[PDB]
Amino acid sequence: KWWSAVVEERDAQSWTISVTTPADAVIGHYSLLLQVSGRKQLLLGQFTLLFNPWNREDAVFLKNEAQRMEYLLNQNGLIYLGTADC
Amino acid sequence: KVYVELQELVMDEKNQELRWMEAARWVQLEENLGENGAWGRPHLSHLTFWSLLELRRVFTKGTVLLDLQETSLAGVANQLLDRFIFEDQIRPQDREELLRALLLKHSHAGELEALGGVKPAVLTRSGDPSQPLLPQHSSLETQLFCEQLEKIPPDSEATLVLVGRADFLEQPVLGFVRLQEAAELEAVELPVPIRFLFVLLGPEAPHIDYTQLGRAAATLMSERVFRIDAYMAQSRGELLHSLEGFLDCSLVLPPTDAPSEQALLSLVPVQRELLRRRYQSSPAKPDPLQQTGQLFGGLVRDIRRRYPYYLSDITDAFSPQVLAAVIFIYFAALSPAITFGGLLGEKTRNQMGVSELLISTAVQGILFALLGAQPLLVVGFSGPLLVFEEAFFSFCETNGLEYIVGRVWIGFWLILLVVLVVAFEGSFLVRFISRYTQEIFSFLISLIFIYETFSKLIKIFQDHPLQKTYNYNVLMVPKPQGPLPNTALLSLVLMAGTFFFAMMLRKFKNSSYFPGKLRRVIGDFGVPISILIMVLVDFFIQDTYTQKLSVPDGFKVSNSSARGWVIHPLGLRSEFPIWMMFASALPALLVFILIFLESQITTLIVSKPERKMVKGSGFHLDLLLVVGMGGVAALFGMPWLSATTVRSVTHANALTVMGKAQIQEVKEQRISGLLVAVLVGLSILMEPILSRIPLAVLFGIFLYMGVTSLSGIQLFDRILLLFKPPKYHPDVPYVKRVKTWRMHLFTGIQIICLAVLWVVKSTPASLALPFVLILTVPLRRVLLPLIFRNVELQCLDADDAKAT
Ligand SMILES: CCCCCCCC(=O)OC[C@H](COP(=O)(O)O[C@@H]1[C@H](O)[C@H](O)[C@@H](OP(=O)(O)O)[C@H](OP(=O)(O)O)[C@H]1O)OC(=O)CCCCCCC
Ligand SMILES: CCCCCCCCCCCC(=O)OC[C@H](COP(=O)(O)OCC[N+](C)(C)C)OC(=O)CCCCCCCCCCC
Ligand SMILES: CC(C)CCC[C@@H](C)[C@H]1CC[C@H]2[C@@H]3CC=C4C[C@@H](O)CC[C@]4(C)[C@H]3CC[C@]12C
Ligand SMILES: *[C@@H]1O[C@H](CO)[C@@H](O)[C@H](O)[C@H]1NC(C)=O
């Protein structure tokens with residue numbers, strides 16, 4: 001439920017790592033770095049963290065999947081103009 | 001070949017009068033006229049892409065007057081403009097002003113300076129020229145070739161290319177004229193008749209530079225295939241067909257951000273094939289350690305490699321850095337000379353002494369600077385040579401043998417040995433001495449130098465111990481006969497002070513303080529400045545005694561009753577035995593191995609590729625010079641010398657110019673070593689100056705040279721990496737491509753070798769050090785691959801510091 005990482009699959013040459021972030025994490029651009037003992041920091045890469053309407057513990061949690069696609073994923077919107085009777 | 005002249009319509013500076021001025025000329029190769037009034041360097045013609053694109057466009061709709069019966073520029077221009085109008089290329093209202101422009105005065109290079117120069121002009125409907133409106137671009141040919149006629153054959157015919165800009169024109173126009181008979185015109189001053197006339201008029205337009213247009217037309221006329229086609233063309237299409245083949249065989253070179261010679265020479269097959277295609281239709285046809293297997297081949301190649309640089313070897317020394325290096329290496333070669341000469345005189349009963357060593361060092365250094373292929377080496381006496389001198393003296397005194405005559409015969413054998421070695425190119429065995437042996441030897445020699453300097457300071461302390469009470473009335477001749485107050489402590493203070501000042505000025509050279517050039521200067525003279533400061537410091541303390549430099553009284557033999565300047569090989573007082581004349585070869589053998597190893601390893605260290613020496617180093621000439629000079633000096637009762645490592649490394653370092661951490665260049669010249677040798681020879685007459693220089697200042701200088709000579713040794717760097725954590729380790733191939741423990745095992749094996757050599761040097765059998773050092777070559781070449789991979793050895797033992 002916080003920042004964490006676990007190796008899920010591993011061969012002799014690579015680790016498949018599952019990384020979690022907290023449900024109340026600060027959003028924005030992130031840098032991921034790896035510290036090996038006896039070694040200096042190494043930048044693994046960059047990722048962007050966003051609010052999560054799909055997560056129950058998030059403050060923006062939306063109960064409905066249809067509501068989630070409509071109110072977050074749909075880029076084709078409708079703005080209603082005119083008058084009340086037209 | 002034919003003459004092609006390009007003239008451009010320009011306006012002058014004094015009367016603002018438009019006229020024609022020649023901008024370039026062609027006799028196959030193209031010459032351009034600069035603004036100064038002189039012709040630039042002739043060059044192969046290169047064309048812009050836009051000039052050829054526009055030349056093809058105007059030529060396609062161009063005006064051709066072939067076999068035209070005119071013999072004057074007025075007659076040609078009248079007919080050319082008459083068919084211009086007939087071809088609807090210019091309007092009849094334009095004929096009057098265009099004819100006025102063509103039959104103008106054609107100036108040449110003889111009146112550029114007489115006039116006020118020329119500026120580009122555009123013809124207007126009014127007579128006065130218009131200032132060009134498009135952005136001006138200065139000619140690339142003028143900037144590159146100009147900012148600094150007998151080749152015309154008698155039967156050759158000329159071509160005139162005229163380019164001009166007129167604002168009152170719809171589109172650029174090309175007029176091509178081939179006269180029926182080659183005639184002389186007032187436009188060309190040269191006495192060559194004109195056959196062809198190119199006229200390129202038009203308005204200012206984008207992507208059209210009329211100077212480049214004229215250059216393209218003149219280059220096309222200068223081409224042999226097109227010119228033959230031009231002579232035999234009876235229609236415009238035949239000229240057009242020849243132009244298409246010219247463009248078909250042209251090579252366009254696109255811009256690149258990383259130009260190189262090798263990538264450019266990858267187009268040699270393309271250029272050859274294009275030239276072959278062009279002429280396939282025309283009737284014309286297109287017009288230092290290697291072994292050579294030859295006696296004295298290495299010596300001759302060594303001479304030919306370096307002797308052409310002799311003029312630079314004198315002029316490159318005209319810098320204050322060279323003078324500072326002279327002042328440095330003078331002391332650095334004089335103090336060991338005095339010390340070793342005193343030891344030689346003490347051991348050999350003054351048969352060979354200080355004066356002999358001084359004169360031998362001077363003469364041999366002068367000759368080596370004048371004739372050596374690597375003049376950065378310092379030639380002087382060394383420790384192993386002293387050990388050989390004592391061993392040979394003991395042997396000669398054991399069997400009742402004269403020592404100096406045995407030295408004469410050893411040198412006589414040395415001459416034969418070095419002649420045989422050079423005649424068989426034996427110096428190519430040096431290539432088997434890799435970075436392993438070189439760095440081991442350099443590190444050992446620097447450590448020995450530092451240890452001996454500290455031992456001299458320690459001996460000063462033992463001679464003058466710190467005690468509560470001293471005898472004050474002690475005799476002061478010729479040296480302290482007892483302990484003296486304040487002597488050892490002042491020696492320590494002087495040594496520490498001169499070392500500290502030298503290191504501070506070395507850091508000041510690389511610092512960011514003061515004007516940089518002044519800091520670079522001050523830093524170059526850092527060792528002389530420190531020497532002067534501490535010499536003054538000891539000068540102003542008069543009561544305390546410090547041991548000073550002592551030179552021989554004069555240029556006399558060190559022992560008048562034993563020998564003269566010249567030694568008789570048959571004996572001085574007793575007849576020299578016959579058997580020793582042949583048995584001198586074995587000690588001569590040992591001396592040859594000692595001198596060969598020391599000198600060639602020093603040459604390898606000094607002339608490394610990472611040291612940025614471009615003048616070359618000769619491994620055959622220098623060995624021959626050093627050993628032959630030693631063999632000759634043996635006949636005069638003088639020591640044979642060798643290219644010492646510490647002195648030569650210091651000499652090369654004092655001539656190295658640093659970049660903005662990275663080696664930039666080295667002042668490789670013959671004057672610095674020559675001046676050091678001359679000063680060493682003159683040191684006898686400089687007694688009032690040298691007698692005020694204490695030995696403690698020179699000891700601090702020696703410590704500085706010892707700690708400085710470790711800069712370029714990877715063994716020292718890896719030993720430091722032993723005390724340094726891996727994460728800190730630098731980005732070098734032997735760190736990034738070799739495991740840390742493997743690198744440290746490599747360093748530990750080198751350390752074991754260093755300990756073995758130090759132990760060997762500590763025993764009386766210290767003359768076997770060259771052979772044990774040689775044994776490190778079979779180590780690296782056989783036993784090291786048995787525990788290290790080829791990758792690890794390439795990364796660790798790299799000749800030029802490469803990542804395999
Ligand atoms: C000894 C001078 C006495 C001071 C007299 C007072 C007058 C005085 O010396 O200052 C003005 C003058 C300014 O002139 P300016 O800035 O043009 O001179 C720069 C200076 O020579 C640097 O050392 C150079 O860098 P580098 O090292 O060659 O890489 C740099 O060249 P570049 O490489 O950047 O292109 C030069 O441009 O000098 C100073 O730089 C300030 C240091 C004051 C020096 C004070 C030292 C006590
Ligand atoms: C960077 C510049 C160099 C820095 C290193 C300093 C080394 C100085 C030499 C000390 C060793 C030495 O020489 O001591 C040895 C001497 C001699 O002993 P002895 O019994 O007379 O000798 C016996 C031989 N006989 C029988 C021929 C006489 O001991 C002394 O007199 C003791 C006093 C030592 C003073 C040390 C000065 C302070 C050093 C610390 C500074 C940080
Ligand atoms: C390589 C150099 C050292 C030459 C090798 C030395 C041998 C081969 C030669 C060189 C000069 C020779 C000497 C020249 C002259 C004489 C005088 C004669 O009445 C007795 C023999 C004697 C003394 C010779 C002995 C052999 C000798 C010593
Ligand atoms: C010079 O040589 C002589 C005799 O060969 C010897 O007696 C004398 O001690 C030597 N001089 C010196 C200073 O050793």
# chains A, B, ... in the order shown; residues from 1 in each chain; ligands from 1

$ interface_residues --of "chain B" --to "chain A" --cutoff "12 Å" --atoms "only C-alpha atoms" --output "JSON, numbers by chain"
{"B": [724, 725, 726, 727, 728, 729]}

$ write_last_selection --atoms "C-alpha atoms" --output "compact mmCIF listing (two decimals), in the first residue's frame"
# COMPACT_ATOMS: atom_id res chain seq x y z
CA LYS B 724 40.71 3.58 -3.21
CA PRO B 725 37.14 2.12 -3.10
CA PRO B 726 35.78 0.59 -6.37
CA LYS B 727 32.81 3.01 -6.64
CA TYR B 728 35.38 5.87 -6.70
CA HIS B 729 37.53 4.03 -9.37

$ residues_near_ligand --ligand "ligand 4" --cutoff "8 Å" --atoms "only C-alpha atoms and all ligand atoms" --output "list in words"
residues 345, 346, 348, 349, 350, 351, 558, 559, 560, 561 and 562 of chain B

$ atom_distance --atom1 "atom CA of residue 99 of chain B" --atom2 "atom CA of residue 199 of chain B"
12.0 Å

$ closest_residue --among "B:135, B:712, B:400, B:120" --to "residue 662 of chain B" --atoms "only C-alpha atoms"
B:712

$ select_by_dssp --residues "segment 56-112 of chain B" --states "helix (DSSP H, G or I)" --output "ChimeraX atom specification"
/B:56-60,73-86,92-102,109-111

$ write_last_selection --atoms "N, CA, C and O atoms" --output "short mmCIF file (atom, residue, chain, number, x, y, z; two decimals), in the first residue's frame"
data_model
loop_
_atom_site.label_atom_id
_atom_site.label_comp_id
_atom_site.auth_asym_id
_atom_site.auth_seq_id
_atom_site.Cartn_x
_atom_site.Cartn_y
_atom_site.Cartn_z
N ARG B 56 22.27 24.78 -66.16
CA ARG B 56 21.52 23.88 -67.03
C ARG B 56 20.22 24.51 -67.49
O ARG B 56 19.77 24.28 -68.62
N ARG B 57 19.59 25.32 -66.63
CA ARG B 57 18.32 25.93 -66.98
C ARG B 57 18.48 26.98 -68.07
O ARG B 57 17.70 27.03 -69.03
N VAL B 58 19.50 27.84 -67.95
CA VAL B 58 19.70 28.88 -68.96
C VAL B 58 20.24 28.27 -70.24
O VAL B 58 19.93 28.74 -71.34
N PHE B 59 21.07 27.23 -70.14
CA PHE B 59 21.64 26.61 -71.33
C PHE B 59 20.57 25.90 -72.15
O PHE B 59 20.68 25.82 -73.38
N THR B 60 19.55 25.36 -71.49
CA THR B 60 18.48 24.67 -72.20
C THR B 60 17.73 25.62 -73.13
O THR B 60 17.39 25.25 -74.26
N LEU B 73 34.48 42.43 -80.30
CA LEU B 73 33.45 42.34 -79.28
C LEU B 73 32.21 43.15 -79.66
O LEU B 73 31.09 42.76 -79.33
N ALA B 74 32.40 44.27 -80.35
CA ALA B 74 31.27 45.04 -80.86
C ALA B 74 30.49 44.24 -81.89
O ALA B 74 29.25 44.24 -81.89
N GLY B 75 31.19 43.55 -82.79
CA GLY B 75 30.52 42.74 -83.79
C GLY B 75 29.80 41.55 -83.19
O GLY B 75 28.71 41.18 -83.64
N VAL B 76 30.40 40.93 -82.17
CA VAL B 76 29.77 39.79 -81.51
C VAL B 76 28.53 40.24 -80.74
O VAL B 76 27.47 39.62 -80.82
N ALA B 77 28.66 41.33 -79.97
CA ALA B 77 27.55 41.78 -79.13
C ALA B 77 26.37 42.25 -79.97
O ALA B 77 25.21 42.06 -79.58
N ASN B 78 26.64 42.87 -81.12
CA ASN B 78 25.56 43.29 -82.01
C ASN B 78 24.78 42.09 -82.52
O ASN B 78 23.54 42.10 -82.54
N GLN B 79 25.49 41.03 -82.92
CA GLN B 79 24.82 39.83 -83.41
C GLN B 79 24.18 39.05 -82.27
O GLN B 79 23.10 38.47 -82.43
N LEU B 80 24.85 39.01 -81.11
CA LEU B 80 24.32 38.26 -79.97
C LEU B 80 23.02 38.88 -79.47
O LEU B 80 22.07 38.16 -79.14
N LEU B 81 22.96 40.21 -79.41
CA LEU B 81 21.74 40.86 -78.95
C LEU B 81 20.66 40.83 -80.03
O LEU B 81 19.46 40.84 -79.72
N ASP B 82 21.06 40.77 -81.30
CA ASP B 82 20.08 40.68 -82.38
C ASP B 82 19.37 39.34 -82.37
O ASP B 82 18.19 39.25 -82.71
N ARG B 83 20.08 38.27 -81.99
CA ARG B 83 19.43 36.96 -81.92
C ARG B 83 18.81 36.74 -80.54
O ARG B 83 17.89 35.93 -80.40
N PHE B 84 19.28 37.47 -79.52
CA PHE B 84 18.56 37.52 -78.25
C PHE B 84 17.13 38.00 -78.45
O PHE B 84 16.18 37.41 -77.91
N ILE B 85 16.95 39.08 -79.22
CA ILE B 85 15.62 39.61 -79.48
C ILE B 85 14.83 38.65 -80.36
O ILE B 85 13.63 38.43 -80.14
N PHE B 86 15.49 38.05 -81.35
CA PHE B 86 14.81 37.12 -82.25
C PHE B 86 14.34 35.87 -81.50
O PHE B 86 13.33 35.27 -81.88
N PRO B 92 13.35 44.40 -77.34
CA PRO B 92 14.13 45.38 -78.11
C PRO B 92 14.44 46.66 -77.35
O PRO B 92 15.42 47.34 -77.69
N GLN B 93 13.65 47.01 -76.34
CA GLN B 93 13.98 48.18 -75.52
C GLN B 93 15.21 47.94 -74.66
O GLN B 93 15.87 48.89 -74.25
N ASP B 94 15.54 46.67 -74.39
CA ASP B 94 16.70 46.33 -73.58
C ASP B 94 17.99 46.30 -74.38
O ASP B 94 19.07 46.25 -73.78
N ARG B 95 17.91 46.32 -75.72
CA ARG B 95 19.09 46.14 -76.55
C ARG B 95 20.07 47.30 -76.39
O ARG B 95 21.29 47.10 -76.40
N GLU B 96 19.56 48.52 -76.25
CA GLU B 96 20.42 49.69 -76.18
C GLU B 96 21.27 49.69 -74.92
O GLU B 96 22.47 49.99 -74.97
N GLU B 97 20.67 49.36 -73.77
CA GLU B 97 21.42 49.41 -72.52
C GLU B 97 22.32 48.20 -72.36
O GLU B 97 23.37 48.28 -71.72
N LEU B 98 21.92 47.06 -72.94
CA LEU B 98 22.76 45.86 -72.85
C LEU B 98 23.98 45.99 -73.74
O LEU B 98 25.07 45.51 -73.38
N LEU B 99 23.83 46.60 -74.92
CA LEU B 99 24.98 46.84 -75.78
C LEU B 99 25.95 47.82 -75.14
O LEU B 99 27.17 47.69 -75.28
N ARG B 100 25.42 48.83 -74.44
CA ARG B 100 26.27 49.78 -73.74
C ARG B 100 27.09 49.08 -72.66
O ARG B 100 28.27 49.40 -72.46
N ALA B 101 26.49 48.12 -71.96
CA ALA B 101 27.19 47.42 -70.89
C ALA B 101 28.30 46.52 -71.44
O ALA B 101 29.37 46.41 -70.84
N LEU B 102 28.05 45.87 -72.58
CA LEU B 102 29.00 44.86 -73.06
C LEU B 102 30.28 45.49 -73.60
O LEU B 102 31.38 45.01 -73.31
N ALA B 109 43.87 42.93 -63.60
CA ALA B 109 44.52 43.02 -62.30
C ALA B 109 45.54 44.14 -62.22
O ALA B 109 45.90 44.57 -61.12
N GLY B 110 46.03 44.64 -63.36
CA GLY B 110 47.00 45.72 -63.35
C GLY B 110 46.44 47.06 -62.92
O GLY B 110 47.23 47.96 -62.63
N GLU B 111 45.12 47.21 -62.87
CA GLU B 111 44.51 48.48 -62.49
C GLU B 111 43.61 48.35 -61.26
O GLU B 111 42.87 49.30 -60.95
#

$ residues_around --residues "segment 66-78 of chain A" --least-positions-apart "3" --cutoff "8 Å" --atoms "only C-alpha atoms" --output "PyMOL selection string"
chain A and resi 53-54+62-63

$ write_last_selection --atoms "N, CA and C atoms" --output "tab-separated table (two decimals), in the first residue's frame"
chain	number	residue	atom	x	y	z
A	53	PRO	N	-8.69	6.86	-10.70
A	53	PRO	CA	-10.11	6.58	-10.43
A	53	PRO	C	-10.44	5.09	-10.35
A	54	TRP	N	-9.54	4.20	-10.77
A	54	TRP	CA	-9.79	2.77	-10.71
A	54	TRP	C	-9.46	2.15	-9.36
A	62	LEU	N	-13.91	6.14	-8.74
A	62	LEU	CA	-15.22	6.13	-9.38
A	62	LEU	C	-15.77	4.72	-9.31
A	63	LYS	N	-17.01	4.59	-8.84
A	63	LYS	CA	-17.58	3.27	-8.59
A	63	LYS	C	-17.80	2.49	-9.88

$ select_by_dssp --residues "segment 662-791 of chain B" --states "strand (DSSP E)" --output "PDB file with C-alpha atoms, in the first residue's frame"
ATOM      1  CA  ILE B 663      48.595  16.513 -22.835  1.00  0.00           C
ATOM      2  CA  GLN B 664      48.555  18.963 -25.747  1.00  0.00           C
ATOM      3  CA  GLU B 665      52.116  19.002 -27.122  1.00  0.00           C
ATOM      4  CA  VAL B 666      55.773  18.686 -26.129  1.00  0.00           C
TER       5      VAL B 666
END

$ closest_residue --among "B:433, B:749, B:47, B:698" --to "ligand 2" --atoms "only C-alpha atoms and all ligand atoms"
B:698

$ residues_near_ligand --ligand "ligand 2" --cutoff "10 Å" --atoms "only C-alpha atoms and all ligand atoms" --output "ChimeraX atom specification"
/B:453-467,483,488-489,491-500,696,699-700,703-704

$ closest_residue --among "B:7, B:382, B:271, B:131" --to "residue 640 of chain B" --atoms "only C-alpha atoms"
B:382
